[PDB]
Each structure stands twice: as structure tokens, then as C-alpha cells.
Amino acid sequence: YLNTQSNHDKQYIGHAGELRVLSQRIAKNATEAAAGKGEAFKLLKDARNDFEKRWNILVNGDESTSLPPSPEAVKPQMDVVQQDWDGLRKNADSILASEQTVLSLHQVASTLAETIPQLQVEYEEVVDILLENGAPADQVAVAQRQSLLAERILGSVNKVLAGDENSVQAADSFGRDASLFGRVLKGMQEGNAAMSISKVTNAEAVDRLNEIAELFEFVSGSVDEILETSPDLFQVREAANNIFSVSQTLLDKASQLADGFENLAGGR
């Protein structure tokens, strides 16, 4: 393709041009990766490394084409592209470094979005059971509240995935609501005097409380990873947001570097 006879100017201008393209591509994949899109991690890594390869050619030369370091005329343009690139790269490395956390958290949320509605369904079965078999009104009302509390646990999940200002308290809410839910479940199964929950004894209801309790194993099992690692989700969302802003200024400094090169290639 290119070699030692290849024109030096077109190399400076093409590399600088391609940094414009690569800055958009780093920004698009940084934001999609922060949103859990697993494929975007590879594309982010590749565009980040493409940029680094081209930037190093502009700074130190390309040995394989005997392209020298860039002229000192464009040194001020280079110097300012370098500050933005340093920022772009550090943030994108922060995102790439959290790939497993981000993808594991989204896996947990994906299955939670299936099992929690199933909890809701079986508790409203339990509501119908206790109601229509004349079971005591206090068991009915607890089951009704258990149903709505499962919905509130689910609602905390997306708020965690946002990775915004509120996501870490959404994750505290998830865990507290899940604690109350598990305690009220055991209280319906075994009785709980401290909280005034009567042991349910309708056998059909008891059947569906045991299925509920088995589904709930995954919700309660997910509480630790949500608490521990949801701050990561905020960090990578912040890094992607930084990426976008540095991306836009780098787009402009890169167009000026390209313009400086094209000027030298015409005397100006």
C-alpha cells in the first residue's frame, strides 16, 4: 500500500483527518459500552488503538515509510491535540477496564427483569388463594403488599443501570427493599411475631410461597454484586460523558492540525 516513495504531505493530512473520524468513533463506542452493549468494547478498544497508532506516527514518524516527525510549524496544533488525546485515552481505558463488571451487572439485571415479575405473579396468585379460601384478612393484606414491594424492587434495577447521580442510592434501595421482602416472605412461611406476620397455613398458598422463595434466591443472591459494583457503572458513564466532550473539542483541534498540514503543502 504505502511505502518509502509515498508522499509525506498526504500522510500527515490523512493521519490528522482520520483522527477526526476516530474521535467520533471512540465517543460512539464509549457511550454504547457504558450502556452495556458488549460488542462496543471491542470497537472502543480498536478505535482507541488506531488513534494511538496514527498519533504516534504524527509525533515520532513512521519508520516503515520513512515519514519523519511532523514539522515544527504545526507544533502548536500538535501540542493541543495531545492534551485532548491524553484525556480521551485515559477515559476510554477506564471504560475498557470495567468491561466484566459492566457486562456482569447487565446480565444480572437481564435475568432479574424476568424473575421479579414472576415473583409478582405468584404473590398475586397467593392473594387470590388466601382471599377466596376465606383465609384471615391480615394474611391477604401482607401478600398484597409483598406483591407491590416486588414491583418496587424491580423498579430500582433500571435506576441502577443508568449509572447517573442516583444509581448508587437506587442500589441501596434495591437491597433494603429486598431485605424487607425476604423477611416478610419468611414471616409468611414461619410466622414472625416481631413484625406481626401470621404463618400462612392454606396449603395451596404455602405451595406458592415455596416457589416464590425459590425464585427470590436469585434476587437476594444478586444484592451484593449490585451494591459492590454499581458505582463502577457510574464511573464508566461519567467517563463516556467526558469522552463525548473531549471528543468534540478534539474534533476541532484535529481539523486545525489537518488544515495546518494542508497549508504547508501549499507554501502558506
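Don't overthink the numbering: it's just position in the shown sequence, from 1.
J.: Going by the mean C-alpha B-factor recorded in the entry, which is higher: 142 to 150 or 129 to 137?
T.: Result of the comparison: 129 to 137.
J.: Highest Cα B-factor in the deposition, which of 211, 63, 50, 32?
T.: If I rank 211, 63, 50, 32 by C-alpha B-factor, first place goes to 211.
J.: Thinking about Cα B factors across the chain, which third does residue 106 belong to?
T.: Residue 106: CA B-factor falls in the middle third of its chain.
J.: Of the three thirds of its chain by CA temperature factor, lowest, middle or highest, which one includes residue 5?
T.: It belongs to the middle third of the chain when residues are ordered by C-alpha B-factor.
J.: Based on the entry's values, in what third of the chain does the Cα temperature factor of residue 158 lie: lowest, middle or highest?
T.: For residue 158, whose C-alpha B-factor we compare with every modelled residue in the chain, the answer is the highest third.
J.: What third of its chain's C-alpha B-factors does residue 201 belong to: lowest, middle or highest?
T.: It falls in the top third of the chain.
J.: Ranking the modelled residues of this chain by C-alpha B-factor as given in the entry, is residue 44 in the lowest, middle or highest third?
T.: Answer is lowest: the recorded C-alpha B-factor places it there.
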